[PDB]
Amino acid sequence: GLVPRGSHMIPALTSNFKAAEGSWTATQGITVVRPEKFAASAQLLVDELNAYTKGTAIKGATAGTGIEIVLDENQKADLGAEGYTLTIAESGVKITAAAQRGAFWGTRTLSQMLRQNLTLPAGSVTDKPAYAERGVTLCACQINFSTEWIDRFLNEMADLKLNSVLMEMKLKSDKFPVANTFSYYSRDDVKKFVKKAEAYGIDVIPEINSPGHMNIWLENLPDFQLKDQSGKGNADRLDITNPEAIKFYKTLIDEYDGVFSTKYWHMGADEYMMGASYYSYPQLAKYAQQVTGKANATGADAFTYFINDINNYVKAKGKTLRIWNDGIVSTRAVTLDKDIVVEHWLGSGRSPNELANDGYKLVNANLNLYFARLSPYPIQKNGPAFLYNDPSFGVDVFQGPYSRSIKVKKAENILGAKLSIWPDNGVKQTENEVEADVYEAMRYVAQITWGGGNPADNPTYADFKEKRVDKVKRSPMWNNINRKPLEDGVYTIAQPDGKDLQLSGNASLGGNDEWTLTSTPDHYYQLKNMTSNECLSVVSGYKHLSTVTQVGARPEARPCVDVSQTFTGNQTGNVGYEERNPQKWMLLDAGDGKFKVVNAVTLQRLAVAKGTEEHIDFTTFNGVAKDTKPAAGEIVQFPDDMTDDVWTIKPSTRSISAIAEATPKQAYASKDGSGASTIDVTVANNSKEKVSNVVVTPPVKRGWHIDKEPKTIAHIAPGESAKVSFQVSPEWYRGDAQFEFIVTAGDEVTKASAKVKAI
């Protein structure tokens, strides 16, 4: 419940809620009173209050009774930039803060309380964060995160008072369309979710990792690639000695500035050589000694000179630079600037305690808080308990060499800590699996970064989980989509007032074809063509991280696999993902039976090409030139910003429907037929007209004895059904098998399949 005061919320309050007389109850008669400059930030609470009270009349206004939000600069010394005071009295609720950020966090506390009980005990509490950056690294990199996923994620962060997200991503470039390999994000799309972040007080920081890890930017730009002594390039590394390559990077900085509002730029600066040696690129050492005037300048010096040049470039924009700590290397004739934020993750090189003592501001980008789809980390395998329950772990404990821990003593130079969300393999998990996978870690990190540690009343992680994690539901506004618009069944697929969709090997605009929708636990659909008996998939084309990213890539038919399981944490039993997840499709209700159809892992929309679409992928990729331009009417996948094609999905109209079922499910070779399997096929008249001369033709299959002759049903009446049986027995065939039966009635034709294991 709500008593003891504030014991079921995340983060826990950082001081005690002082009780007062009486209570206050949210009803449909209340108003959220706030100054107009706070309208967008209060909107979340307004929408939630209507959800909680099961009505729609509550509004945000500059006057009224109920919940008052007050922004008062006089409180800046007491509350800081993010603190607030929450006061509950019989007369109403009052949130006071010095700025918008703090007032918003106050509404999250209030919201979590009302999420559990509409009646609140009277009292007051002042709450302030222990650390200024309470963060997440989201690698929306190479593979894509749908805008709907990002929108939900900002709500997840906001309700937990997380306020910083580093987003490694590609923004579609206006000046370099040849480098616009998917994944990319539209400028309007980023502006949108950045606007939501601004309202929720979340600092969205972009990262273009450089001068290494640039495959996604340099694949099609060989002249900006660092070259071997043999002249062999590599899309991973930008030539930092080439003036047009530096211009190319700085141009991307400019393009991002128009959509991101943060004061920070993250250039990455992961170790340049990526494990190689500077001696294989002697033009770096020579470039260094030129810009410094020192004969003994090294390759690492050029690397650092690059960091400093980008530091000056972003500083001239009033921005502050950020780098990964493995970019802090040993130098000679060039010294690393001291006004750069260092995000520490690697237990190597200069210790974080000495970095802090030397004046650097640090983020604990802790390896213990890493997430990956490919190889789950221990926090995924085992949950956060091994950290929560370890009194020697905390935001101020950084990783050191040889598994040692290093406590940063100059605590004022610790900005905070964050968890990290890496793909590594884009098809092993879906994004909807990731949003579930990180659930516990988001709460744990939110708790230790806001509170500075564990709640005083939850000695163990089990207590924290039982009393808080399991009791605090997400905001009711978190979910933003109908996760299952259509129920499982048989449907048709076509264009609005156009041809239907068929698929045999390849897909095309056919006409008159049946499909079977099968929902999945992570809220996707398997699209099974009931004529080809194969499932719609996307597996052919240019790839990143084992995921098809080519624009205009051609969906194709693939063997239908099991789609009933989802995998998080340890991902025990996760096999077959290479076929499963490319087979999965998100279906977004477009109204009036129309549907946006988006692949679950390539995240491009099933589309009908026009012959007028332009993109680099239509001519070349990664130095190899090949034309893949789709022609008018061709079926392809397209990013959201190159197609509006939706698809009409409707339950089938066919007057006939056939179903084939095998009994037993297993068959064995037999000379007397005892090991046979009876495939009963049942035809059904759906509409109102007597169908006659219904012919059922059995399949023919290697190594199986099957009844050769078709069976016929003279007549079947509306709303009736007829049954015919065929017997199948394996000869030399063994293993999984499938039997397809063709049912014909006049001009109409349908199929029914069955499975038999040959043992």
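Numbering starts at 1 and follows the sequence shown.
- Relative to its counterpart among 251-259 and 342-350, 251-259 has the higher mean temperature factor, C-alpha atoms as listed in the PDB entry.
- 14-22 and 735-743 differ in mean CA B-factor, and the higher of the two is recorded for 735-743.
- Looking at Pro243, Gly400, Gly80, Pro476, the one whose CA carries the top B-factor in the deposited record is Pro243.
- Ranking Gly275, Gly451, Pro376, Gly573 by Cα temperature factor from the entry places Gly275 first.
- Per the PDB record, residue ranking by Cα B-factor puts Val33 in the lowest third of the chain.
- Per the deposited record, the Cα B-factor of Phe386 falls in the lowest third when ranked against the other modelled residues of its chain.
- Ranked by Cα temperature factor within the chain, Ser405 sits in the middle third according to the deposited record.
- In the deposited entry, the Cα temperature factor of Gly719 sits in the top third of values across the chain's modelled residues.
- Among all modelled residues in its chain, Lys690 ranks in the highest third by Cα B-factor.
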